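Let me begin by presenting the structure, written as structure tokens, before commenting on it.
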Amino acid sequence: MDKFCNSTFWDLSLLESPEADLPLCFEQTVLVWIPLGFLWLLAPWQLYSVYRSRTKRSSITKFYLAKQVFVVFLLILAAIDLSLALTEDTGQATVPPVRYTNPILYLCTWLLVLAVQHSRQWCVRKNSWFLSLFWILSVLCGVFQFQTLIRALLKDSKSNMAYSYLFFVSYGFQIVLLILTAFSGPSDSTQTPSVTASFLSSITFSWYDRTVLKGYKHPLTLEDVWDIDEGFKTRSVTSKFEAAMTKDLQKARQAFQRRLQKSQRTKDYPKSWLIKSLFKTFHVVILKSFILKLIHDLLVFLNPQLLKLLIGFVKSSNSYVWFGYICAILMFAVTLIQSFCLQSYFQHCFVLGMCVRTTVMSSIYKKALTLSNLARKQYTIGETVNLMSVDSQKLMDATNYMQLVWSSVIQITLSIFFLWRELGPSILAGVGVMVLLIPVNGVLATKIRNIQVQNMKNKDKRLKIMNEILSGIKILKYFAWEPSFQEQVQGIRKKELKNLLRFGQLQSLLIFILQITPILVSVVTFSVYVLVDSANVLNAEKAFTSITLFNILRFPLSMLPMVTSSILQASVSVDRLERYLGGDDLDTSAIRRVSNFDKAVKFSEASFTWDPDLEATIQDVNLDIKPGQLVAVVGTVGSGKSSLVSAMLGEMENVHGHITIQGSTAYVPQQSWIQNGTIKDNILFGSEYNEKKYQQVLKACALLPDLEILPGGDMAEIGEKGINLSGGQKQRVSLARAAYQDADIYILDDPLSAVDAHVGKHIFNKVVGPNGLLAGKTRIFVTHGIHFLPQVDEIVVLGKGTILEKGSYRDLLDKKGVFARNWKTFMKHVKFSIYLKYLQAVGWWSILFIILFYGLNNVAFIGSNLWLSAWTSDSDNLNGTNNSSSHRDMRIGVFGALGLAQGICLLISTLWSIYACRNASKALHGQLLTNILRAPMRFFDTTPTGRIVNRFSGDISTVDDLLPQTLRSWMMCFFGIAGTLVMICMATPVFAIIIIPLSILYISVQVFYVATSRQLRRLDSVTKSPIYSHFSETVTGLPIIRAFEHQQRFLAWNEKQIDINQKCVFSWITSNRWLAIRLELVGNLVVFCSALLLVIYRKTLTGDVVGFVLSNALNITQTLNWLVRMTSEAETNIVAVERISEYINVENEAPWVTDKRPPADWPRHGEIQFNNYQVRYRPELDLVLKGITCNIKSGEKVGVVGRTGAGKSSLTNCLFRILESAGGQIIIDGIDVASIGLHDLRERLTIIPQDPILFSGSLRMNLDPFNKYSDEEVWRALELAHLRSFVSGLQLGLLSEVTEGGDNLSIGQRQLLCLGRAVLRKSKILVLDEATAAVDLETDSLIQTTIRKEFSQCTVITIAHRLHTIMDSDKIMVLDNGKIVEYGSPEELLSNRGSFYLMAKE
Ligand SMILES: CC(C)CCC[C@@H](C)[C@H]1CC[C@H]2[C@@H]3CC=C4C[C@@H](OC(=O)CCC(=O)O)CC[C@]4(C)[C@H]3CC[C@]12C
Ligand SMILES: CCCN(CCC)S(=O)(=O)c1ccc(C(=O)O)cc1
Ligand SMILES: CCCN(CCC)S(=O)(=O)c1ccc(C(=O)O)cc1
């Protein structure tokens, strides 16, 4: 052990000296076999694994050649070393055996290295963990020999120069080899760099650099985010989940069947298989993350020990200089290793969470396409979309939290043990305090969650009322109702503000508890430890290692209740998900899709039922249809024709009797379903584009005139936003899609509901007629009209869920029996300006005082640490300072006082912040709501309603929820950083200089991160939204998809969308880890520079200063990273204030009241005069009304029907001053609208909208929200509207609840209510507007009679497009191209040489 080197093996005497150097024998002994030992103990395994499983990949690039060249240079160097050693035999007496046995080992090990490097070419990771770790170990274990040789040669020791020079060259080449191994290999551009990067890069996430640079120069486009590897793509993980889930689902299903049969001898579903299956399918990543976290946790408790060693070294005045530096270097190395481990664990955990969300969403979709009818009925579209949107996120969060709920326990236990070893059994006081603080955290978390749910509900109701307000802003501005509809939502917002303030107070309390736990624990533990006994003393090692352990334990202590609460929530979410997935699949035994048969349709005594709990809807049926034969099944309402079609599709359950169907089928229902996108893609429906067939199906249907009518043309847009296509157009496009799909059989279910006579007849003749495009294709038609009955070739009559007889129209006219009576019954007819705006909303005094009080908190904290330093120092002297109860009591009291001052200052800061942010949100929403209203109608016409609704929902929610927390967190992080830096610089002022470059470095990283992160965030928001929406689109129209047999196409599309979102979210996760590695390196650099400065100045500052400098420099590693992430979040969610301020500054119309007031009756019950008028719908675009002048007398029923131009509809808009009059004005009995107010004039003028809309709520304020009319007057008003009967049958009174939809307040009721409102307005000027011919004639007759009998004395306008109801007008006005050429009564109009206008009487 010593004879083989001819030198001293171990000698601690050299170490125990100011200039210490390790013995050369041990140095060439152990520091040489350690890297070679690591290499030779694993090289066979790596070589075998690579050579056994390998492809034919092989290339020779610059890197492979360079690494091989340098390794053979190492080979040559070891060879010449051996040559020199053997030659020196005659130089000396007997060379030591080491001098000539090391070169042989180096030769063999470099041959092994050459083989390893060559073998790596087969694999895909060129520089894997083995080689990089070997190089790192070699460099680290050789730096000792390098320094020893250089130190020996330094002191003029001219001995064996050649060997030293050769070792220097070999070490330099090893350094360059490690440098090369760090670099990522050249890329094949067929895989994402995450899988082809070198081990050091994959550890340090430097392979992301390119993307970040790509984000800084130009905005990131969805094509610039690298794809994910095939491991995480939704198809692969979903297949793995299904494989590992089928067995568990079968076991749970059999157990559920056994339980049900035992109970019987709906709330029970096969459960407790989702968690088992997910764990079984992800156990590998679960284990990798668990081991990585365990290593990091065992590695996080080395920093306090190193700090204790450093304090002990500085305290001793005879300590060796060569120490201390070793402690600082070790602290840097441990922090680096721990940061690498932690970030890799985070990447593993987050990617596992994202994969869990992917597999759950994809399994949801795959189940939605085969769910049985009953299970589909048990849910709803909104609820199921919410399930996929929310429960999957809950499961992802639970996955992220499960790997941490155990690491927190390990960290707490180890930290408790180490605190015990430091401070004796007196840490139980700290244990008690910080355990009593845990149920408080749990309770606060639960209360916060409940208040958040209540806030969500209130925000939903506010969104609903806001959307209703914005949809019908037209009539709202017409009737001058803005103050009332503003006050209602103002009250709702006040209630939401109260709830939000409560939530903010609870969050502030929770964060105050988290921030004050370490201070309270420190005070209590130190006080109890000193007071419990006089023997034990508090020195700088115990106190500051204990503070470091308290800081280590603060987070996992406060992250237990949150994780627990989230786990108990995900429990219910998992139960819901596995209740959905466990529902049985739909049955296909009855409906057999036989490949080849006769007539393609056979009803083998089928008996289908909507619900087994009820009587069979249809039973004992028998019908066969020849191929190519049109069948028009008809019957009474509710007979079961729609039920018959559903049974044909197989969307219903049956008791007995199978149905045999052959060939492909197409189907169109009465309720047409339209996907999001283009009309073209709707028509193709995933089939190949064919211009000929496309043109044919446009010609066959009525779509070309509609397409030319459409604004966007063939592409245009439809769905979601769309253009609000009419029902007839939807039916037409669905019929066209069915025709294009060219199936063998067609199932038409009332596709001509909102279709006129001639157009529907043409469509039938050209599509489903004898000469239609589907002559060779059989069709089963459901119809209600009689025009198409003569064209049927096989008509079946359906009654009470049972067919009666078959036949054709010839049978109809021949039998004169059942068919005759049936037919007879049938036809009977950013920049700082935005931050300034938000802060000004907050209030400058409030932010000034918040900043001042947080600064006072940090000053108190620095004072507390200085006092602890002095308290620990007083033990070293022991020259009368101690051994007195007064001194110890004063120390304890002042320490407690400083802790209390810090606590109350921080609490005052946070409470003031909460109140200021609440006030700011209130003011911002008030301003935005006030200014959106009273805005001119042009702004509403241009901007879509969805845009303003999103501005009121999402941006206001951001401003009220995520902006205060982000700004407070930024201030917290920044003042933590400033306190720590000004407390490190208080000991060694030289450190101030190192702030100059470090900050610059930090700044650089931040900039790059921001310039990418924003974009990634945006990309996520752009791609997450479609998935959910598509799910709705594929779950509302499930019968259509099942009929067309296009299931796999929809499944593939959903998988594609999931992958497109997955790549964005994965790139975001990696960007977070990239920034975290960089900034944890910056914080670690801060702690290492501080430790080096403390060691250098060890002869000036005592050990207590080292303790309180390092114990806080160790806490800065994460604060920098979180400061940058909070800066990025503040930049991301400040755009809400930007948009709100953009919408506040919108233009406003004429003011409410312009000083001058009208008399008691502004209309003066008299005439009106139109002077020279020059008015356009929007300014300087195109004048509409030009060169018109007229005078309408009192009580005149003046009607105007000009032409098809917009000039017909302009007058009303010009009568309420909605359109500003550029030329002339309007005189009404000497009263000019120009020189008078606006809202007062609109309030006392009436108008019937052409498209009236309803306001949600009651019926009293939907009629008169101002409540300025007595209930008797309102009742009389409905009495002339004869709506008294409807409300009397409904909830009696004026305050009956009303809502949208046809359930309540049907179209006739709506028209009656509008007429009543108009007649009770009681203004002498009446303006009408009619645009729809679908209104019932009785309603028109009654409103005309009541107008003529009540409003005859009042002037009326009657803007009516129809001609058959205007001859009764007293006067008729005609306006052409914006000009009037005639004036007089209808008799005078027809007196002009005979029908000179409105000639067309039909
Ligand atoms: C992305 C989601 C998970 C939001 C995460 C919130 C964190 C980014 C915020 C919330 C609480 C903040 C922490 C709360 C307390 C502090 C104490 C601070 O150290 C001190 O100030 C000493 C204690 C004292 O001053 O009394 C270091 C920053 C830190 C960890 C803050 C860093 C940023 C945190 C973790
Ligand atoms: C929602 C997860 C909660 N966590 C558990 C992770 C295993 S977490 O520890 O608090 C954390 C850490 C780091 C980041 C980040 O870098 O964005 C986010 C969250
Ligand atoms: C949400 C905050 C996340 N951080 C805490 C900052 C105070 S963190 O630095 O990223 C971190 C650190 C350590 C552990 C662990 O030990 O499990 C987890 C997360």
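Letters A, B, ... mark the chains of the structure tokens in the order given; residue numbers begin at 1 per chain; ligand numbers begin at 1, in order shown.
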
All residues within 10 Å of ligand 3 are required, counting only C-alpha atoms and all ligand atoms; please report them as a PyMOL selection string.
-> chain A and resi 293-294+296-297+300+339+342-343+345-346+401+403-412+551-556+559+1073+1076+1080+1115-1122

Written file, previous selection with N, CA and C atoms, as a CSV table (one decimal), in the first residue's frame:
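Final file, selection.csv:
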chain,number,residue,atom,x,y,z
A,293,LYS,N,-36.3,14.1,-6.3
A,293,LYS,CA,-36.7,14.9,-5.2
A,293,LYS,C,-36.0,14.5,-3.9
A,294,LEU,N,-35.9,13.2,-3.7
A,294,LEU,CA,-35.2,12.7,-2.5
A,294,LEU,C,-33.8,13.1,-2.4
A,296,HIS,N,-32.4,15.7,-3.9
A,296,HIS,CA,-32.4,17.1,-3.6
A,296,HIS,C,-32.7,17.5,-2.2
A,297,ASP,N,-33.6,16.8,-1.6
A,297,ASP,CA,-34.0,17.0,-0.2
A,297,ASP,C,-32.8,16.6,0.7
A,300,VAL,N,-30.3,19.5,0.5
A,300,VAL,CA,-30.5,20.8,0.9
A,300,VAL,C,-30.1,21.1,2.3
A,339,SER,N,-29.5,23.0,-7.4
A,339,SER,CA,-30.3,23.6,-8.3
A,339,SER,C,-30.6,22.8,-9.6
A,342,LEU,N,-33.1,20.1,-8.6
A,342,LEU,CA,-34.4,20.6,-8.4
A,342,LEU,C,-35.1,21.0,-9.7
A,343,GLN,N,-34.4,21.7,-10.6
A,343,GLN,CA,-35.0,22.1,-11.8
A,343,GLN,C,-35.3,20.9,-12.7
A,345,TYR,N,-36.1,17.9,-11.5
A,345,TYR,CA,-37.3,17.3,-10.9
A,345,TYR,C,-38.6,18.1,-11.3
A,346,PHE,N,-38.5,19.5,-11.3
A,346,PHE,CA,-39.6,20.3,-11.7
A,346,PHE,C,-40.0,20.0,-13.1
A,401,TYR,N,-49.0,17.9,-7.2
A,401,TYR,CA,-49.0,18.0,-5.7
A,401,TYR,C,-48.6,16.7,-5.0
A,403,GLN,N,-46.3,14.5,-5.7
A,403,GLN,CA,-44.9,14.3,-5.5
A,403,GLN,C,-44.3,15.2,-4.5
A,404,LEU,N,-45.1,16.2,-4.0
A,404,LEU,CA,-44.6,17.2,-3.1
A,404,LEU,C,-45.2,17.0,-1.7
A,405,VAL,N,-46.3,16.4,-1.5
A,405,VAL,CA,-46.9,16.1,-0.2
A,405,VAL,C,-46.0,15.2,0.6
A,406,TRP,N,-45.2,14.4,0.0
A,406,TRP,CA,-44.3,13.5,0.7
A,406,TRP,C,-42.9,14.1,0.9
A,407,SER,N,-42.4,14.8,-0.1
A,407,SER,CA,-41.1,15.6,0.1
A,407,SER,C,-41.2,16.6,1.2
A,408,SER,N,-42.4,17.2,1.3
A,408,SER,CA,-42.6,18.2,2.4
A,408,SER,C,-42.4,17.5,3.8
A,409,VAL,N,-43.0,16.3,3.9
A,409,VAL,CA,-42.8,15.5,5.2
A,409,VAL,C,-41.4,15.2,5.4
A,410,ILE,N,-40.7,14.7,4.4
A,410,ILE,CA,-39.3,14.4,4.6
A,410,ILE,C,-38.5,15.6,5.0
A,411,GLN,N,-38.7,16.7,4.3
A,411,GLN,CA,-38.0,18.0,4.7
A,411,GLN,C,-38.3,18.4,6.1
A,412,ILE,N,-39.6,18.4,6.5
A,412,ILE,CA,-39.9,18.8,7.8
A,412,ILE,C,-39.2,17.9,8.9
A,551,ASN,N,-35.6,28.8,7.9
A,551,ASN,CA,-35.9,29.3,6.6
A,551,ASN,C,-36.0,28.1,5.6
A,552,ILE,N,-35.3,27.1,5.8
A,552,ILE,CA,-35.4,25.9,5.0
A,552,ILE,C,-36.8,25.3,5.2
A,553,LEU,N,-37.2,25.2,6.5
A,553,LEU,CA,-38.5,24.6,6.8
A,553,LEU,C,-39.7,25.4,6.7
A,554,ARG,N,-39.5,26.7,6.4
A,554,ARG,CA,-40.7,27.6,6.4
A,554,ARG,C,-41.6,27.3,5.2
A,555,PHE,N,-41.1,27.0,4.0
A,555,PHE,CA,-41.9,26.7,2.9
A,555,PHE,C,-42.6,25.3,3.0
A,556,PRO,N,-41.9,24.2,3.2
A,556,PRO,CA,-42.7,22.9,3.2
A,556,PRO,C,-43.6,22.9,4.4
A,559,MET,N,-46.7,24.8,2.9
A,559,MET,CA,-47.2,24.1,1.6
A,559,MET,C,-47.9,22.8,1.9
A,1073,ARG,N,-38.0,26.7,-16.6
A,1073,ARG,CA,-36.9,26.1,-16.0
A,1073,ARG,C,-35.6,26.7,-16.5
A,1076,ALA,N,-35.1,29.7,-14.4
A,1076,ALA,CA,-34.9,29.3,-13.0
A,1076,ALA,C,-33.4,28.9,-12.9
A,1080,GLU,N,-31.1,31.1,-10.4
A,1080,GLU,CA,-30.5,30.4,-9.2
A,1080,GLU,C,-29.0,30.4,-9.3
A,1115,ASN,N,-30.7,32.8,1.4
A,1115,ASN,CA,-32.2,32.9,1.2
A,1115,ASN,C,-32.5,33.7,-0.1
A,1116,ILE,N,-31.5,34.2,-0.8
A,1116,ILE,CA,-31.7,35.0,-2.0
A,1116,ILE,C,-31.8,34.2,-3.3
A,1117,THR,N,-31.5,32.9,-3.2
A,1117,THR,CA,-31.4,32.1,-4.5
A,1117,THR,C,-32.8,32.1,-5.2
A,1118,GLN,N,-33.9,32.0,-4.5
A,1118,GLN,CA,-35.2,31.9,-5.2
A,1118,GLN,C,-35.9,33.3,-5.3
A,1119,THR,N,-35.5,34.3,-4.5
A,1119,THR,CA,-36.2,35.6,-4.6
A,1119,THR,C,-35.9,36.3,-5.9
A,1120,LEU,N,-34.7,36.2,-6.5
A,1120,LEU,CA,-34.4,36.8,-7.8
A,1120,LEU,C,-35.3,36.1,-8.8
A,1121,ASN,N,-35.4,34.8,-8.9
A,1121,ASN,CA,-36.2,34.1,-9.9
A,1121,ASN,C,-37.6,34.5,-9.8
A,1122,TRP,N,-38.1,34.6,-8.5
A,1122,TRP,CA,-39.5,34.9,-8.4
A,1122,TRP,C,-39.8,36.4,-8.6

Contacts to ligand 1 at 9 Å cut-off (only C-alpha atoms and all ligand atoms) as number ranges by chain | A: 511-512, 514-519, 551, 555, 857-858, 861, 899, 902-903, 906, 965-966, 968-970, 972-977, 979-980, 1112, 1115-1116, 1118-1123, 1125-1126, 1129

Any chance you could export the current selection's N, CA and C atoms as a compact mmCIF listing (two decimals), in the first residue's frame?
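Output contents, as saved in again38.txt:
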# COMPACT_ATOMS: atom_id res chain seq x y z
N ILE A 511 -50.82 35.29 3.65
CA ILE A 511 -49.45 35.62 3.27
C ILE A 511 -48.71 36.25 4.45
N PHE A 512 -49.42 36.99 5.31
CA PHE A 512 -48.80 37.52 6.51
C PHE A 512 -48.39 36.40 7.45
N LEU A 514 -47.56 33.33 6.49
CA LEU A 514 -46.38 32.72 5.88
C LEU A 514 -45.13 33.56 6.13
N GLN A 515 -45.25 34.88 6.05
CA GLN A 515 -44.09 35.74 6.22
C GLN A 515 -43.66 35.86 7.67
N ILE A 516 -44.59 35.74 8.62
CA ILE A 516 -44.26 35.97 10.02
C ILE A 516 -43.97 34.67 10.76
N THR A 517 -44.23 33.51 10.16
CA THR A 517 -43.90 32.26 10.84
C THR A 517 -42.42 32.15 11.21
N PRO A 518 -41.46 32.39 10.30
CA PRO A 518 -40.05 32.25 10.72
C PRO A 518 -39.64 33.22 11.82
N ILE A 519 -40.16 34.45 11.81
CA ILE A 519 -39.80 35.42 12.84
C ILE A 519 -40.34 34.98 14.19
N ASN A 551 -35.56 28.84 7.93
CA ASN A 551 -35.87 29.29 6.58
C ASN A 551 -36.05 28.11 5.63
N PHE A 555 -41.05 26.98 4.01
CA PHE A 555 -41.91 26.68 2.86
C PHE A 555 -42.62 25.34 3.01
N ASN A 857 -40.64 48.04 7.40
CA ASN A 857 -40.57 46.62 7.74
C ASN A 857 -39.18 46.06 7.48
N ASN A 858 -38.61 46.37 6.32
CA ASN A 858 -37.28 45.85 6.02
C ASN A 858 -36.21 46.46 6.92
N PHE A 861 -36.39 44.52 10.00
CA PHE A 861 -35.79 43.20 9.82
C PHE A 861 -34.27 43.25 9.89
N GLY A 899 -38.96 41.94 16.35
CA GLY A 899 -39.83 41.04 15.61
C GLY A 899 -41.26 41.56 15.52
N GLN A 902 -41.50 44.47 13.06
CA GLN A 902 -41.50 43.99 11.69
C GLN A 902 -42.86 43.41 11.32
N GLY A 903 -43.46 42.64 12.23
CA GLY A 903 -44.76 42.07 11.93
C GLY A 903 -45.83 43.12 11.70
N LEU A 906 -45.31 45.09 8.39
CA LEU A 906 -45.70 44.32 7.21
C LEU A 906 -47.21 44.18 7.12
N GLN A 965 -52.41 41.06 -6.51
CA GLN A 965 -51.51 40.04 -6.00
C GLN A 965 -50.15 40.11 -6.70
N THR A 966 -50.15 40.32 -8.01
CA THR A 966 -48.88 40.40 -8.74
C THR A 966 -48.06 41.61 -8.31
N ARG A 968 -48.25 43.30 -5.44
CA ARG A 968 -47.79 43.10 -4.07
C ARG A 968 -46.64 42.11 -4.02
N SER A 969 -46.72 41.02 -4.78
CA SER A 969 -45.64 40.05 -4.80
C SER A 969 -44.36 40.65 -5.37
N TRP A 970 -44.49 41.50 -6.38
CA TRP A 970 -43.31 42.16 -6.92
C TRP A 970 -42.66 43.05 -5.88
N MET A 972 -42.85 42.74 -2.65
CA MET A 972 -42.30 41.86 -1.62
C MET A 972 -40.95 41.30 -2.05
N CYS A 973 -40.87 40.78 -3.27
CA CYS A 973 -39.61 40.24 -3.77
C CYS A 973 -38.55 41.32 -3.87
N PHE A 974 -38.91 42.50 -4.39
CA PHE A 974 -37.90 43.54 -4.58
C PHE A 974 -37.36 44.03 -3.26
N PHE A 975 -38.21 44.19 -2.26
CA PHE A 975 -37.68 44.67 -0.99
C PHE A 975 -36.94 43.57 -0.24
N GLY A 976 -37.30 42.30 -0.45
CA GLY A 976 -36.45 41.24 0.07
C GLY A 976 -35.05 41.30 -0.52
N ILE A 977 -34.96 41.47 -1.84
CA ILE A 977 -33.66 41.56 -2.50
C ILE A 977 -32.89 42.78 -2.00
N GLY A 979 -33.19 44.43 0.87
CA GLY A 979 -32.74 44.23 2.24
C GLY A 979 -31.54 43.31 2.31
N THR A 980 -31.59 42.18 1.59
CA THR A 980 -30.46 41.26 1.63
C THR A 980 -29.20 41.89 1.06
N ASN A 1112 -28.59 34.92 5.43
CA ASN A 1112 -29.53 35.61 4.57
C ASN A 1112 -29.12 35.62 3.11
N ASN A 1115 -30.72 32.81 1.39
CA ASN A 1115 -32.15 32.93 1.16
C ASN A 1115 -32.50 33.68 -0.12
N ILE A 1116 -31.50 34.18 -0.84
CA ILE A 1116 -31.72 35.02 -2.01
C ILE A 1116 -31.77 34.22 -3.29
N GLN A 1118 -33.87 32.02 -4.52
CA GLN A 1118 -35.17 31.94 -5.16
C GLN A 1118 -35.86 33.29 -5.31
N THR A 1119 -35.48 34.29 -4.52
CA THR A 1119 -36.16 35.57 -4.61
C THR A 1119 -35.89 36.27 -5.93
N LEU A 1120 -34.68 36.17 -6.47
CA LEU A 1120 -34.42 36.77 -7.77
C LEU A 1120 -35.30 36.15 -8.85
N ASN A 1121 -35.35 34.82 -8.88
CA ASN A 1121 -36.15 34.13 -9.88
C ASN A 1121 -37.62 34.51 -9.75
N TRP A 1122 -38.12 34.59 -8.52
CA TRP A 1122 -39.53 34.93 -8.37
C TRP A 1122 -39.79 36.41 -8.64
N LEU A 1123 -38.80 37.27 -8.43
CA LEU A 1123 -38.96 38.66 -8.83
C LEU A 1123 -39.09 38.78 -10.34
N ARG A 1125 -40.15 36.39 -12.40
CA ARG A 1125 -41.42 35.81 -12.83
C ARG A 1125 -42.59 36.73 -12.49
N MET A 1126 -42.52 37.44 -11.36
CA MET A 1126 -43.56 38.41 -11.05
C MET A 1126 -43.50 39.64 -11.95
N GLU A 1129 -45.23 38.44 -15.06
CA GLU A 1129 -46.67 38.36 -14.86
C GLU A 1129 -47.31 39.75 -14.80

For ligand 2, the nearest of the candidates A:1079, A:754, A:1027, A:648, counting only C-alpha atoms and all ligand atoms | A:1079

What gap, in Å, lies between atom 6 (C, counted along the ligand's line) of ligand 2 and atom CA of residue A:544?
->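 Taking atom 6 (C, counted along the ligand's line) of ligand 2 as the start and atom CA of residue A:544 as the end point, the length is 28.4 Å.
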
Quick one: of A:788, A:819, A:529, A:603, who's nearest to residue A:761, counting only C-alpha atoms?
-> A:788

Pick out the residues sitting within 9 Å of residue A:1240, and hand them over as a list in words; count only C-alpha atoms, and ignore anything fewer than 4 positions along from it in its own chain.
->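 That gives residues 480, 1152, 1153, 1157, 1158, 1244 and 1245 of chain A.
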
Just N, CA, C and O atoms for this one: save the residues we selected as an mmCIF file, in the first residue's frame.
data_model
loop_
_atom_site.group_PDB
_atom_site.id
_atom_site.type_symbol
_atom_site.label_atom_id
_atom_site.label_comp_id
_atom_site.auth_asym_id
_atom_site.auth_seq_id
_atom_site.Cartn_x
_atom_site.Cartn_y
_atom_site.Cartn_z
ATOM 1 N N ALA A 480 -83.856 55.940 -23.543
ATOM 2 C CA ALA A 480 -83.202 56.701 -22.474
ATOM 3 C C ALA A 480 -83.295 55.973 -21.132
ATOM 4 O O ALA A 480 -83.866 56.477 -20.164
ATOM 5 N N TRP A 1152 -75.730 64.923 -21.661
ATOM 6 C CA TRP A 1152 -77.048 64.551 -21.158
ATOM 7 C C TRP A 1152 -78.018 65.722 -21.240
ATOM 8 O O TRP A 1152 -79.035 65.661 -21.939
ATOM 9 N N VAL A 1153 -77.723 66.798 -20.515
ATOM 10 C CA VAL A 1153 -78.529 68.012 -20.525
ATOM 11 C C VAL A 1153 -77.585 69.189 -20.718
ATOM 12 O O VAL A 1153 -76.650 69.372 -19.929
ATOM 13 N N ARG A 1157 -83.209 74.012 -20.584
ATOM 14 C CA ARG A 1157 -84.211 72.998 -20.315
ATOM 15 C C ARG A 1157 -85.459 73.230 -21.155
ATOM 16 O O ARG A 1157 -85.857 74.381 -21.371
ATOM 17 N N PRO A 1158 -86.089 72.168 -21.643
ATOM 18 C CA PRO A 1158 -87.342 72.317 -22.383
ATOM 19 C C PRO A 1158 -88.473 72.713 -21.452
ATOM 20 O O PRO A 1158 -88.346 72.601 -20.224
ATOM 21 N N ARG A 1244 -88.898 61.408 -23.473
ATOM 22 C CA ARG A 1244 -90.289 61.772 -23.731
ATOM 23 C C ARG A 1244 -90.642 61.674 -25.210
ATOM 24 O O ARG A 1244 -91.394 62.493 -25.744
ATOM 25 N N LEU A 1245 -90.092 60.669 -25.889
ATOM 26 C CA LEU A 1245 -90.461 60.318 -27.252
ATOM 27 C C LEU A 1245 -90.550 58.803 -27.366
ATOM 28 O O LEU A 1245 -89.784 58.074 -26.731
#

Atom CA of residue A:1171 to atom CA of residue A:1251, straight-line distance in Å =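 Atom-to-atom, atom CA of residue A:1251 and atom CA of residue A:1171 are spaced 29.6 Å apart.
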
12 Å contact set for residue A:9, only C-alpha atoms, chain neighbours under 4 positions out, as a ChimeraX atom specification | /A:1-5,14,22-30

May I ask for the distance between atom CA of residue A:692 and atom CA of residue A:678, given in Å to one decimal place?
->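 We find that atom CA of residue A:692 and atom CA of residue A:678 lie 19.2 Å from each other.
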
DSSP on the backbone, then: every residue of stretch 172-374 of chain A marked helix (DSSP H, G or I), written as a PyMOL selection string.
-> chain A and resi 172-182+199-204+206-217+234-264+274-299+303-315+322-368+373-374

Would you mind listing what lies within 12 Å of residue A:524 as a list in words, with only C-alpha atoms counted and same-chain residues fewer than 6 positions away left out?
->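 Contacts, in chain order: residues 426, 427, 428, 429, 430, 431, 432, 433, 434, 517, 518, 530, 531, 532, 892, 893, 895, 896, 899 and 900 of chain A.
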
Pick from A:1241, A:574, A:1380, A:1091: nearest to residue A:1187, with only C-alpha atoms counted?
->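 Closest to residue A:1187, using only C-alpha atoms: A:1380.
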
Hey, what's within 12 Å of residue A:1232 if we count only C-alpha atoms and toss same-chain stuff fewer than 4 positions away? As a list in words, please?
->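 So, after excluding close chain neighbours, the residues are residues 1156, 1157, 1158, 1162, 1163, 1168, 1169, 1170, 1171, 1215, 1217, 1221, 1224, 1225, 1226, 1227, 1228, 1236, 1237, 1238 and 1241 of chain A.
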
Give me the residues within 6 Å of residue A:916 as number ranges by chain, counting only C-alpha atoms and dropping any in the same chain fewer than 3 places off.
-> A: 842, 913, 919
